[PDB]
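Residue numbers (the deposited numbering), protein chains in the order written: chain E, 11 to 333; chain A, 11 to 333; chain C, 11 to 333; chain I, 2 to 127; chain F, 10 to 173; chain B, 10 to 173; chain D, 10 to 173; chain H, 22 to 128. Backbone N, C-alpha and C fix where the C-beta goes; we use that ideal spot for every residue, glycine too.
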Ligand SMILES: *[C@@H]1O[C@H](CO)[C@@H](O)[C@H](O)[C@H]1NC(C)=O
Ligand SMILES: *[C@@H]1O[C@H](CO)[C@@H](O)[C@H](O)[C@H]1NC(C)=O
Ligand SMILES: *[C@@H]1O[C@H](CO)[C@@H](O)[C@H](O)[C@H]1NC(C)=O
Ligand SMILES: *[C@@H]1O[C@H](CO)[C@@H](O)[C@H](O)[C@H]1NC(C)=O
Ligand SMILES: *[C@@H]1O[C@H](CO)[C@@H](O)[C@H](O)[C@H]1NC(C)=O
Ligand SMILES: *[C@@H]1O[C@H](CO)[C@@H](O)[C@H](O)[C@H]1NC(C)=O
Ligand SMILES: *[C@@H]1O[C@H](CO)[C@@H](O)[C@H](O)[C@H]1NC(C)=O
Ligand SMILES: *[C@@H]1O[C@H](CO)[C@@H](O)[C@H](O)[C@H]1NC(C)=O
Ligand SMILES: *[C@@H]1O[C@H](CO)[C@@H](O)[C@H](O)[C@H]1NC(C)=O
Ligand SMILES: *[C@@H]1O[C@H](CO)[C@@H](O)[C@H](O)[C@H]1NC(C)=O
Ligand SMILES: *[C@@H]1O[C@H](CO)[C@@H](O)[C@H](O)[C@H]1NC(C)=O
Ligand SMILES: *[C@@H]1O[C@H](CO)[C@@H](O)[C@H](O)[C@H]1NC(C)=O
Ligand SMILES: *[C@@H]1O[C@H](CO)[C@@H](O)[C@H](O)[C@H]1NC(C)=O
Ligand SMILES: *[C@@H]1O[C@H](CO)[C@@H](O)[C@H](O)[C@H]1NC(C)=O
Ligand SMILES: *[C@@H]1O[C@H](CO)[C@@H](O)[C@H](O)[C@H]1NC(C)=O
Ligand SMILES: *[C@@H]1O[C@H](CO)[C@@H](O)[C@H](O)[C@H]1NC(C)=O
Ligand SMILES: *[C@@H]1O[C@H](CO)[C@@H](O)[C@H](O)[C@H]1NC(C)=O
């Protein structure tokens, strides 16, 4: 009669590493490193993302003609841009504090596209119809941004603007505008009166005076001039004012928004599909709960810590050594 | 005759966790996590903090009329602000590089209020008695900042201002000033009989020209204009020159200071007491030698690292089981 | 007849620490902490550094007369400066985005100086043979920067400048320029016509207009004025346009570049020698395969992490306990 | 899936009772059986625990000494015994599946109870 | 022992045996479950103690903010190097600790048998016992359980030790 | 050893003395002092090696520096996660290693006693040793000191062992 | 066991040897080679598992970027303290496991021979085994090699046991 | 083990949404909280395990989340079949389970 003291073995081929020995085969192991993903972009925290497709963020927030078909959700957890994201701005220029604006419109708890200054009421003394350019035609028609309008002289007259907005909404309001920089003085006079123009924009916290910078620029698109873009947040109950005698591009639409916990922007060509996850990566949604992954490290959400290892496995069995 | 070997047990109630077992009983344990504090703010590294009580950094360093009751410390380790520290830039405007000023002033080994431009002799061609406003009156009467003088026209004229200072101190001198931005051109003409005006300030490192931006802003504290604030550090042996034709708010006092690279700014309503500590948190001074704390993520001085753990008792004793 | 089991011991004095005991002498140990270095600066990744023994980066890149003795190379991995290297800009002023330029010049794979605007051809209506101040004389000759040329009137005339450049190379080109800020209007008229001068510079991404700031500054290096320095990267195929009516310092030479990798600048007086290293520390190259070093917190290249310790010896042998 | 309980038992106050529950589509040796008492003032009271692997049990702290349990693979039943009862112990005594008991638990499903039984009642009111 | 048992249907540890009533692996279910509970607590401590927070990794910077972009990259690279080194080192150390734990568990069952049999069996040297007693299924079942009435069996063990 | 003792107030480790002359508890002062110095050193190493520096954690930023404020938050969160994860795994590992140390540093003394008393006493297996020879008031000091004297007792002990 | 030897340089572990044909120390090279390979593996894992990327530490900041410079300093100090604390605990803990590993290997060799000699040699307790029977160089080499033909010597060993 | 159901009684019509808050006295890991439904006349059925995971075979109408000492069960629409009683379950490392008292559900 024999009594043998030993341990279980199986046909498992999963191995683990130790400080004293590598490639140790074990009967069971638990993988701490996720190397698989959904391959799809999905909802984060139960809320769908805002997918811009071919449009850039500047394009969407400015209402670029190529973004007319892009429906805006009342809320989103993050923004998705494609690898060919283009048609952001059209009249070329420097979008001021663009990265900060992209950071602010990351995760938004509420987002309503609100009309701040109706086209046919707010500017009875200026022409809101001829403000178009060939930089962004719509079906070749020479169009312009949908959220902003470019005012020009009516009858060789450009009276001073004193339009303001009282922000009677209960949420912060994002107001966008820009400054036009004609190629030469002749274009400043052709487009606007009061060639020695100025623009003033401000709120209780923010105020700044702008001047046109008239000079011939390198050609971009087909117009040797520039359009600088600005934005500001208006606190609930605060008043935002716009004053100008010349090169002011005024908002027509503005966005009333309540911001959520900080999120970010995913650059990816992967299509968007319906799923429910807690962290979304540009390469695809992560479905795991493990502490580490080897998936591309600019993820958004409650994601595990990126590790460059090809495998992380903890042993939970015994040496699988038959004999 | 029987002898036995065993191990110590006692009436201990302190428990520990392990990777293999949870809630084990230990005869004695050393708590590595500090969860207690004095509940009072105290001296850091043997030097008392500057306690502002009610004042903001802008208020104290500019000399807000409601901030005159604070003492002037020769040195401080850190600065304490209350949650009600709204007494700051009483005349609305953009304080330029305000966060940098707060960082620079967070820890000073030697600090003195020095009169840089004597009130009765430095501006014989300008009116230094007016310039009091309703934005921050004192005892119901119009007043202005203690450390700044808002110069206005002597009477139907604003003579050219050109005043330099040579830094004869052995320490760096912090010089503050501001620029006034009237609401309308009538306000500019009333205060400064110069119409278009400019301000120039410079040192051996700093050189900048300012131009008034006249425009109507939203009304804040009954004011329609704005006053921007500027500052610079003059190295010993250098000089600062203030050249202006109007819209310049000139210093009266400047601060001689020897800067450290230590503490930060604590915003807390905790009272100040006398203690010998090395670490200060908004909730109170910490007296501990332990490697970890769960008291507050915002820490000043040579303190343990903040963790989210609620229990890190080290099982320094023996397993305590009855028999 | 008799056997006894034991273990190797010798006369080694290498001593290791444990959590349970300190100063435990062992027969063999391996160091994990590198505490030695070559004491010499060497080539990083097989390509030599650019060594500016006397010149600062502003001095070298601007062509300061004292920099003619520096070597020229098509590539380098890092920039070496010494404790006596303070010859930077000679005409005092604020070099705009200087730190960003220093970060971008730290590693270039194809650096060549190219004459962008031939001195005797591109500006036939301006005086290119003046623009010398003796702030940085060459052998006392009263000279100026060699990479930039300072244009002045041709003799009671300053025709508008509209010089542009098309980048016809496959590499990015760095174009430098500066703007002169005379002390007073008498100097504005002495060097330039068109007292109300402007400077405009732009590319397909960059567009900025500048105006002179005419004011008296503290006297620095015998000058009462200032010269600000600006730069831009022109992408292949892009057009950079310089327009001015005065106060413009124009490039003569421009630098074609291809940024290769992140790198940095070492401030050190250690001599440069021809050794193949994996990183460079200010005190000398560290030739090592260990995970940790205690030589300097700010190294350049792929080498150990800085640890504030004197001993990290990992035991391999047995306790060295002779009878 | 869905454990089997049948034949309600009615006895007398001051006398022992026996309860049973049979496994459904399982191997029996990869889980335990836990009972929950349903009564007008208790709601759900965790009574009993067993593991069909080790034979170990945590009973219940306030009822130790009144309940005995043992497994029997041959007929697949919990085979609960209850003795020294009063009359307040009348309850449904639902059967449920407990811990995995035999593999590392990486899924919170193996702590939560599921697949409850049919709820055969016991009445001791005579 | 020479190696593990590929023919055992369950458990991690056991008492493989052969006697006149047959043979089998007789898995040790109580010590296996104890090991499972402790290893389960270990893996859950490694996984669940990661206090992952909701945060966004990656920031958009302009072409004139290169030092900040390099600082962000420095932070991401430093955290990646710390988490890669600590995660990989933790795995190797924890696996050495886990396999040493399991080997000590087998040693613990062997030691249990040695204390229970009290020289009523001899060691072979590869983790096995050769019984002096003709040890039937009840005998072995009692040994597996941890109960062994040494003084009634010791008379036969003594005679068999005299015989060798 | 079923568990610990509450009678043995002074010292973590020790022995139960009992004979026909008296009884009581006493410490093994050599092993207790060795364990105390090693554990105190372990604690001192855990605390002393923190490189606490005079810092100012937490920076305030303008509303137009949201990316930088988020970078500061990212750094604080990364350091918080690193310190929390490593502190919790460090404490759990040190607690398991310390408790295993204590069990090893009592079992090894039990084995030491076995090595000192190889044939004059029968070990029971629960920490108790049944002596066959008469114990005087110096047997306990001999056990604590070691160098147990076999010739002093010799055949007397086996004379009782031969009874069974 | 109670101290080291300076009489041999061929390996870490070995035996004392005095016999009819001479004396002199020699290592057991299979166990020694296994220990060196495993310790080398540990060392190679500590060094190779450190991840390194080509980057740069240290950034140039202006006088109006003090908060950013202090953020960079905060990052450098955090990473420095994290690496220092983890490196120091790693070294202290690895030195503890390494020294205990070496002691375990010595005990493993001690048991390796003890389980072969059984009752045919006097156990002294200090690591020395004094054989009751005579053993020439061949006997000692067979023991050191790892196989001992116990049935051929037990008669002499038991006869010598009876006289002692 | 202390489990408290705060609202006591929830009386809401179908088509609305409601929550049940279960407070624990001891902070525990999320792995040990489960939510159950008890329709009178039938046996309890598992709704949620692990404080968030969906039970096998249940519609998306039933959800929940929680942490620390405060866990919430969220019921959407509140169909007629939902007007029963809910129980909060807690496990604490050792093989010890408890249930709360629940709340009344009324139209
Ligand atoms: C091992 O063999 C069994 C036989 O049924 C099979 O079910 C199992 O999947 C196999 N595992 C591996 C890893 O081959
Ligand atoms: C472990 O397996 C990998 C993959 O085949 C191999 O590259 C490596 O050399 C192996 N190492 C050892 C020690 O067997
Ligand atoms: C889960 O996914 C489904 C997809 O059918 C969706 O309807 C549901 O709203 C998602 N969950 C949340 C909380 O949004
Ligand atoms: C949109 O972008 C594409 C990119 O090539 C460009 O060709 C097209 O003209 C753009 N259209 C508008 C309206 O901006
Ligand atoms: C996502 O994860 C859950 C468990 O966390 C799993 O049940 C589900 O099947 C996963 N999704 C897919 C598509 O497999
Ligand atoms: C343990 O009991 C003693 C009295 O014997 C008492 O002084 C001590 O405070 C008690 N400690 C605890 C933790 O109960
Ligand atoms: C730990 O166990 C004790 C009883 O030994 C108990 O009183 C205590 O509440 C338990 N602690 C936890 C957190 O479960
Ligand atoms: C410590 O506190 C006392 C309070 O009496 C104070 O006088 C002393 O100055 C403090 N220590 C230092 C170094 O300031
Ligand atoms: C200080 O702040 C309080 C806030 O209630 C405000 O009422 C008061 O006017 C401020 N002081 C001055 C001088 O404006
Ligand atoms: C801090 O605590 C120690 C005891 O650990 C005490 O001696 C010391 O006085 C305390 N310091 C203060 C300032 O209270
Ligand atoms: C150890 O002894 C050898 C013998 O040659 C000698 O070379 C070596 O230097 C000694 N070690 C020390 C630290 O002196
Ligand atoms: C260990 O040796 C070093 C030698 O530099 C000495 O400074 C230290 O105090 C010693 N420590 C102990 C505990 O002997
Ligand atoms: C090593 O140095 C030599 C001499 O300067 C050089 O030719 C060689 O290229 C260097 N190695 C590499 C990899 O560049
Ligand atoms: C270059 O060198 C010296 C040393 O700093 C400096 O003072 C001097 O002004 C410089 N001369 C030039 C650039 O001509
Ligand atoms: C650098 O170290 C390696 C070992 O890691 C060595 O082989 C090489 O020769 C060393 N080179 C120099 C120049 O020290
Ligand atoms: C198993 O051991 C327990 C321990 O008390 C005992 O009660 C039981 O009768 C034993 N059973 C067998 C079959 O040996
Ligand atoms: C010595 O060890 C080897 C190892 O394989 C073995 O084959 C040989 O038989 C041993 N010597 C004797 C005499 O058994």
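Pick from the options that is closest to residue i, judged by C-alpha positions
i	options	result
residue 123(B)	124(D), 133(D) and 71(D)	133(D)
residue 98(D)	147(C), 59(C) and 29(C)	29(C)
residue 106(F)	266(E), 27(E) and 311(E)	27(E)
residue 171(F)	141(F), 154(F), 160(F) and 153(F)	141(F)
residue 168(C)	34(C), 178(C), 199(C) and 142(C)	199(C)
residue 103(C)	75(A), 218(A), 315(A) and 117(A)	218(A)
Supposed close pair residue i, residue j - CB separation, criterion 8 angstroms
i	j	result
residue 202(A)	residue 221(A)	Not really, about 13 angstroms apart at Cβ, beyond 8 angstroms.
residue 33(A)	residue 114(H)	7 angstroms
Per-residue burial, residue i [other beta carbons within 10 Å of its own, 16 or more giving buried]
i	result
residue 68(H)	buried
residue 331(A)	exposed
residue 73(B)	exposed
residue 154(B)	exposed
residue 113(D)	exposed
residue 239(E)	buried
Point to revise | Any heavy atom of ligand 9 within less than 7 angstroms of residue CB: hits in chain order | key: 74(A), 75(A), 76(A), 94(A), 96(A), 97(A), 100(A), 145(A), 146(A), 147(A) and 148(A)
_If contact is defined by three or more beta carbon pairs under 8 angstroms, each pair taking one atom from either stretch, is the stretch 155-172 of chain E in contact with the stretch 249-265 of chain E?_
yes
Pick out every residue whose C-beta is nearer than 7 angstroms to a heavy atom of ligand 2: which are they, in chain order? 32(E) and 33(E)
Residues near ligand 15, criterion Cβ-heavy atom distance below 5 angstroms:
297(C) and 299(C)
_By C-beta, the residues closer than 5 angstroms to any heavy atom of ligand 11, given in chain order_ = 21(C) and 23(C)
message: If contact is defined by three or more beta carbon pairs under 8 angstroms, each pair taking one atom from either stretch, is the stretch 279-288 of chain C in contact with the stretch 41-56 of chain C?
response: yes
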